[PDB]
Amino acid sequence: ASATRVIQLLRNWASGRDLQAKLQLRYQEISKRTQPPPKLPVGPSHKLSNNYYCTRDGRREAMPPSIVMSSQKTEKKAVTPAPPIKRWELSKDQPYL
Amino acid sequence: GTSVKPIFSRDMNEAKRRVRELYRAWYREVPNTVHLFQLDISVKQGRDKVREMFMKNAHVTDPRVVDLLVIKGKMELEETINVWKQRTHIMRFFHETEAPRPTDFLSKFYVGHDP
Amino acid sequence: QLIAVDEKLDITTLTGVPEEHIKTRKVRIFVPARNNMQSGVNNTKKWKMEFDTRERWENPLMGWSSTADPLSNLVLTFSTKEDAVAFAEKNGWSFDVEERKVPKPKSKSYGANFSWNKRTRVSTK
Amino acid sequence: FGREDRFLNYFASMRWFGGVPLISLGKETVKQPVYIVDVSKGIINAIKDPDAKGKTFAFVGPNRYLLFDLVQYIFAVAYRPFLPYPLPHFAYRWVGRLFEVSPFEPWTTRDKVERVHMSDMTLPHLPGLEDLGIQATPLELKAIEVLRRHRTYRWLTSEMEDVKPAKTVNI
Amino acid sequence: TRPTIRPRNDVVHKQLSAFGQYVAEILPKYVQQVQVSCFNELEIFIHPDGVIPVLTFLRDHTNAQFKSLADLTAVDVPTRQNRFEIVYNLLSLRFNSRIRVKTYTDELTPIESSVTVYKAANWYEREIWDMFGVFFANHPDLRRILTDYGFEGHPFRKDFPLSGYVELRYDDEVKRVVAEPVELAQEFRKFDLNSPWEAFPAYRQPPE
Amino acid sequence: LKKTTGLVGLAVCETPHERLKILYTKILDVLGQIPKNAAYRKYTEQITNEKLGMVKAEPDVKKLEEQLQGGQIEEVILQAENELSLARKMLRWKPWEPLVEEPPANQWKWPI
Amino acid sequence: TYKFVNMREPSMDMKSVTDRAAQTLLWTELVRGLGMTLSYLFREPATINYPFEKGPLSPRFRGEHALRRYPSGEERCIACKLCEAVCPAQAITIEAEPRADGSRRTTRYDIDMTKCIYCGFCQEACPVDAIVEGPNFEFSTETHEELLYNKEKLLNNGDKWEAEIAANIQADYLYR
Amino acid sequence: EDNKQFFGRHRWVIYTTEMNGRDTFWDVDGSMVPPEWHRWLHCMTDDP
Amino acid sequence: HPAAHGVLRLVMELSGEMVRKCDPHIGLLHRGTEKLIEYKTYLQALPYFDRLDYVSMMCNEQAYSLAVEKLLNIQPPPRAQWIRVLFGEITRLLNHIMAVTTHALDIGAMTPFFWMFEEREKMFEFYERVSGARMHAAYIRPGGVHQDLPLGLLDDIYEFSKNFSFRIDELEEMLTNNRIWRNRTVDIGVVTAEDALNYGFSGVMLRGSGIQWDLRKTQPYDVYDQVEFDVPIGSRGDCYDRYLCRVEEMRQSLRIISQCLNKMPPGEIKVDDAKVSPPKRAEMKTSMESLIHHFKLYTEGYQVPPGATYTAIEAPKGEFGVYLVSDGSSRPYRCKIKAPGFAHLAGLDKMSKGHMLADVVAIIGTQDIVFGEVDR
Ligand SMILES: COC1=C(OC)C(=O)C(CC=C(C)C)=C(C)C1=O
Ligand code: SF4
Ligand code: SF4
């Protein structure tokens, strides 16, 4: 910033923080608007051999849903959809604001 | 038997009673609608339009269909009474900007291909 | 309890469709024919319902194609012909039904290509 | 006559002064006003009519009114007090001349005063609206849509069938 | 099979199947089918008369506790005698699980309102009625929610046209907005995209 | 002893053991009127007997909370009240009867 | 893992009680807010001097559409209609026929710009880089009809903006 | 250009007073910038 | 109305300035999105999710992409998922700035809006640099992301993130301890935990009443299990606690953004399956299979196996879900969108009991409602 030092002191005293250290306007620390060209990696299925598509076909491995207890067609412990959720812990970083 | 369940009415007589109650409510409401919406029509025109809307589906013989029609009529009456509706909505019942469509064979032949 | 109606199903007064697009429409209930450019048959398994073709004209600006009937794009899909007939009847539309066309089985013989006395022998491969 | 007309609106404007000056109290003038939508529809139909090539039409309303009764009805529909007083032709003409000097749209002119106090001609030998398929709209069904703007807040919600149509000198 | 294919969790699948068996055992009067999908989602198919008991049991039972109604909607399948499918999506915070409850109805048969069971259902039911025309009995205030005042029809039905039947414009003669039959400068262009060759053999249907 | 359970509208309960015992006894009383072979009765009786037995065996409310795995004993009491209400409703509904009105032939068939 | 936002308890000693009393009676926090506004008053504003200064853009920016040519002047578009097929708004209308020399070329290429959502799908779908979204964004009109582009308008836009479009493409095609 | 200014104010254009046919002493707009200077001015490149 | 937050006809029943009844009328922005989706391919329907909740675009893209990926039984590459979480946290920051500053503007504090919308502008620049569009990028796709990051984007994201905390601090200095702000927000629109659970609330509307729920912690989706953050919890269930929760969520999302910046892995950006994801342009112009797959994916689109899913994410406004039904073709049969604002607004009449006009204005702001997703 181009502010004179007395203005900087006035700003820092009015706000209570050193404003100059973290300016909202970005002066010149940003990336250049022109960059070198990228190379870019190909990916996992680019292998020349041992790459048959039937071994990596996600869509063809989907199947219709499993039918449990179709109506047309002891011990018996009670059950729940999933184990009970476990209590959250209280923020070793900063528990209270 | 056909094993069907009702909405409100068991036969056509209860359905007709509900239709008569809805007609009474709309007939009572028309003058207030003309006053509140500042319509340029008369109360007679509004009541004739209400009667025409009722007669448009006077051929229904299913009590469930009549029940749903009465429910829809009550919904429309609630919209009118609370002023949710605007003047344009009330006046859409009259089709004031639509040119008449002729119904005889010769005029339809003259204008276009539609039957 | 139940009320035991004995009428015919008719929902036309509840669908909000204008009177013109109920009485003057004719829907077609058919299984689409196979596209003759391809050998696949996966598009000839279901029944289709479509409305009669209405007028299209050229837009004075841009020369685009204009339409005035709202049902020009509506196409329904049904598992059987009876379901489509029931839907059309309960909606009040008059319909035409075309029976499904199936390719009849054929007798193929690779050895017939080289027959000793028949006309089936092939001059080239 | 219509929402933007210089007919019904013109009469309504006179209330600010106090009284309504009329030549001969409007008892010797007969008017046959026609609705705007009827005229527009008649023009559209004359475009589409192959028989109306060289024809000459007269577009008039269904009723004929005395000027006094027409202005009384106009003031009744707007719920304004009607104070008609007779003004001689020369006095009215003098008043018209004064208004004319306006560099903007004049409130009235000598020509406007002349045309206002002139009876509408009867030309039964000419074809009319009914020969183009138009049923002319009476003033009693469309006056409220023009004059509701001229009412005070107290009378703004009054309905159309409340103001007792005027007497027409027909036949 | 490793990099590009979504992983499958067997443990979750087993738990959902057991809970589906549990729910089907407890309510045999209404449950017609229980299903668990391969991406770990559990579905329960019920008779329309069991809407209230099943939802209440799933909300209030100690082993269920699905206290939140995530979503309620309808699906229209015109080929079925019962046109409309009603889908409830429930989430359980106590057991960190989700469940889906399904039922069916047609144009003239009402479904019981689930407002007593869930406060959230009041708006969803209104939207189902507006978009599909399904009536819910004993609703506190049933009326249109999304469509314009006086709008006719139910636009989510398959039969309803995409562009509707009417349009709006301002008319200077009547000095208001008027409704007229739809006319389009350019008609929407329908595409036929489906391939004539079958894609997924695992879903092939018997040839009837 | 504890303040502010942490959920808005959920007051702290004093003497929660007595409340839980009362609620579990009432639940068992209601379940006693359901047919013995009904699955709801036996499953609910099993779980509520486990919870009652664990309540009777622990005087410390924190260790009771960590044993019940039910999240903050006040919500355990709320769940017990919910279960009692459900038990009465279930007694009225009788959902242990056989299935009514099997669905149509292809009601649930997808695709189409 | 969770934290509390409003679960603190104030001190009850005489010192802090008098501190809070002085806060109540002398408006200290309000003075602090005034001080923050005063601090902002003396900073440099973030406003730019449009139209003499412009906002920063990137080579990937999607603007007004254009049709491109090969270096010889021949058009790139070959009427494959992939852009028409993929367009989510149905904003592209295309007609074609064999040209007088047998080439596969269009006779109609219209883009309704009041239908377009400017998603850039058409330029991804194009296999010859014929249709692009160019960097221009200042093309407001006074009538609706000026935003219904035909083939001549799009070709003129391409000829007008090619010098920038080619440089923008050179800067991004290695990411595509 | 003035690189001491913050990003957005470090480049600017002073428009001409006469373009193809109109007097632009007062009436200027961003569409008077040709494409090459358009690319430089909007910071899509670093090279003028 | 300035405080109507777009198109809302809130019919209100008042005795003096006291509110007796709130009757929210909606549908003034109902555009019929779901039918339109029924008329498109899965790629063509993606830009609609940008315009559902136009303050959190990439989050909607992520939810829809997760649902389509689940129905496709495929998996995005790790770099795509890290990019998705990074931009989801950036989107959360954008949404929370919008929500807090416009709530303050309704209540009468205009300055923080102007202070924070400059940060919003810089984040729009990040959006445009990655996709070419400031707010409807359409970057996140079912197979991953459309394009890789430009060579200097992470540096500028780091430069923004190392300074955003001071802006949060300035906003907090303006609002948190102001007695007028506390008078206008404390004890306004209190809702109990049980009523919030029953009414279908989600997100901050649950957390402000003490409910310890967050989908990123309980049901993580992309790489949210590999980042660390805290969940702010309120204790009074009023507007002030929800405001504090949103500020702390901005701080936690800054934390997550730092972690995502440090742990960005290399590799491809979309699944290496050309029958779902389009190939690169050079491959399309060089090899036959790539051209065929490009043609078919941009004309017909990929077929999704039949089935139905409900996929939900932790959107900045609450739980955002899609009930997507597939019939086996390239077009969805049905796509029901679940917006949290729908339930939140349906619960407005309950939250307004015993309050005044200004209290109701404040209550609308606290709910964080966008009507694009409410009306759909
Ligand atoms: C983000 O939420 C929104 C608002 O609240 C901030 C609005 O005011 C409005 C409209 C009103 C002003 C003038 C922009 C819209 C459209 C909106 O979406
Ligand atoms: S940018 Fe998108 S909406 Fe616009 S023409 Fe191209 S494909 Fe169509
Ligand atoms: S612009 Fe490109 S995609 Fe569109 S028709 Fe021409 S070549 Fe095909």
Side-chain angles (χ1 to χ4, degrees), chain G residues 61-70 74-96 103-134 147 149 151 154-155 158, chain I residues 1-8 28-29 40-41 43-44 46-48 50-57 94-106 113 116-117 120 131-133 135-136 138 284 294-295 298-299 316-317 341 345 361 364-365 367-375:
Chain G
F61 177 79
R62 321 197 288 253
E64 200 191 8
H65 299 66
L67 285 168
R68 299 184 63 228
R69 301 177 183 273
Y70 287 106
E74 171 77 296
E75 310 165 69
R76 284 171 172 264
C77 176
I78 54 131
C80 73
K81 291 160 164 280
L82 261 52
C83 59
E84 197 180 14
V86 81
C87 177
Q90 287 212 352
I92 306 177
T93 321
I94 296 169
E95 296 191 38
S103 181
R104 189 185 160 116
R105 304 291 155 185
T106 43
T107 48
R108 160 191 302 267
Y109 195 106
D110 297 356
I111 301 183
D112 191 335
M113 306 292 283
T114 71
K115 273 193 195 86
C116 174
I117 68 164
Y118 299 83
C119 65
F121 281 10
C122 44
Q123 78 176 334
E124 307 165 15
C126 195
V128 293
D129 321 349
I131 181 64
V132 306
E133 287 211 80
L147 289 172
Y149 289 4
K151 203 195 170 171
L154 286 155
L155 277 170
Chain I
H1 200 291
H5 286 261
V7 293
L8 159 81
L28 298 167
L29 203 67
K40 325 269 169 183
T41 71
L43 177 59
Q44 275 181 325
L46 170 76
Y48 277 124
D50 285 310
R51 291 134 180 102
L52 292 168
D53 180 356
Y54 36 84
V55 194
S56 333
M57 280 82 36
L94 275 156
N95 180 92
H96 280 359
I97 285 171
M98 176 69 78
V100 168
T101 50
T102 48
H103 190 216
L105 217 173
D106 288 336
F113 165 94
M116 290 316 246
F117 257 63
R120 278 191 49 101
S131 80
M135 55 174 287
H136 292 323
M284 172 265 290
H294 171 95
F295 193 108
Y298 277 110
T299 54
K317 281 172 159 87
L345 187 65
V361 162
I364 297 173
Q367 284 176 353
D368 189 17
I369 293 169
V370 161
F371 283 92
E373 72 163 15
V374 179
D375 281 338

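For ligands, and for the atoms within them, numbers begin at 1 and follow the listed sequence. Below, chain A is the first sequence line, B the second, and so on; all start at residue 1.
Contact atoms of ligand 3 toward G:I78: 6 (Fe), 7 (S) (distance under 4.0 Å to a heavy atom of the residue). Below 4.0 Å from some heavy atom of G:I92 lie the following atoms of ligand 2, by number and element: 5 (S). Each of the atoms 1 (S) of ligand 3 lies under 4.0 Å from some heavy atom of G:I131. Atoms of ligand 2 found under 4.0 Å from any heavy atom of G:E133, numbered from 1 in the order shown, are 1 (S). The G:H65 neighbourhood of ligand 2 comprises atoms 1 (S), 4 (Fe), 5 (S), 6 (Fe), with distances under 4.0 Å to a heavy atom of that residue.
Residue I:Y54 touches ligand 1 through its side chain alone, judged by heavy-atom distances below 4.0 Å.
Distances shorter than 4.0 angstrom occur between a heavy atom of G:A79 and an atom of ligand 3.
Among all non-hydrogen protein atoms, the one lying nearest atom 5 (S) of ligand 3 is G:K81 N, 3.1 Å. Here the heavy atom of the protein found nearest to atom 4 (Fe) of ligand 3 is G:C83 SG, 2.3 Å. Of all protein heavy atoms, the one lying nearest to atom 3 (C) of ligand 1 is I:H5 O, 3.7 Å. Scanning all protein heavy atoms for the shortest distance to atom 7 (S) of ligand 2 gives G:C122 N, 3.3 Å. Remark: minimum distance from atom 6 (Fe) of ligand 3 to any protein heavy atom is reached at G:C77 SG, 2.3 Å. Considering only non-hydrogen protein atoms, atom 1 (C) of ligand 1 sits nearest to I:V55 CG2, 4.0 Å. Looking at atom 10 (C) of ligand 1, its nearest protein heavy atom turns out to be I:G6 CA, 3.7 Å. Given atom 3 (S) of ligand 2, the protein heavy atom at minimum distance is G:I117 N, 3.4 Å. Considering only non-hydrogen protein atoms, atom 8 (Fe) of ligand 2 sits nearest to G:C87 SG, 2.3 Å. Atom 1 (S) of ligand 2 has G:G120 N, 3.1 Å as its closest protein atom, hydrogens excluded (heavy atom only). In terms of protein heavy-atom proximity, atom 2 (Fe) of ligand 3 is closest to G:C126 SG, 2.3 Å. Looking only at protein heavy atoms, the nearest one to atom 6 (C) of ligand 1 is I:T102 CG2, 3.4 Å.
Between G:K151 and G:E95 there is no salt bridge, since no side-chain nitrogen of the basic residue lies less than 4.0 Å from a carboxylate oxygen of the acidic one.
When every heavy atom of G:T106 is checked against every heavy atom of G:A79, the shortest pair comes out as CG2-CB, 3.6 Å. For I:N95 against I:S56, the heavy-atom pair with the smallest separation is OD1-OG, 3.0 Å. For G:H65 against G:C116, the heavy-atom pair with the smallest separation is CE1-SG, 3.4 Å. Of all heavy-atom pairs between G:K81 and G:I94, the closest is NZ-O, 2.9 Å. Taking each heavy atom of G:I117 and G:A89 in turn, the nearest pair found is CG2-CB, 4.3 Å. Heavy atoms only, all atoms of each residue included: G:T93 and G:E84 are closest at CA-OE2, 3.5 Å.
Protein heavy atoms are found inside the 4.0 Å sphere centred on atom 15 (C) of ligand 1.
Using a distance-only test at 3.5 Å, with no hydrogens or angles considered, no donor-acceptor pair links the side chain of I:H5 to the main chain of I:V370. With hydrogens and angles disregarded, a donor-acceptor distance shorter than 3.5 Å links the side chain of I:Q44 to the backbone of G:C87.
Counting heavy atoms from C-beta outward, I:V374 and I:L8 have side chains that stay 4.5 Å or more apart.
Relative to the six-membered ring of I:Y54, I:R51 misses at least one condition, a distance below 6.0 Å or an angle of at most 45° to the axis.
At most 12 non-hydrogen atoms from other residues, nucleotides or ligands lie less than 6.0 angstrom from CZ of I:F295.
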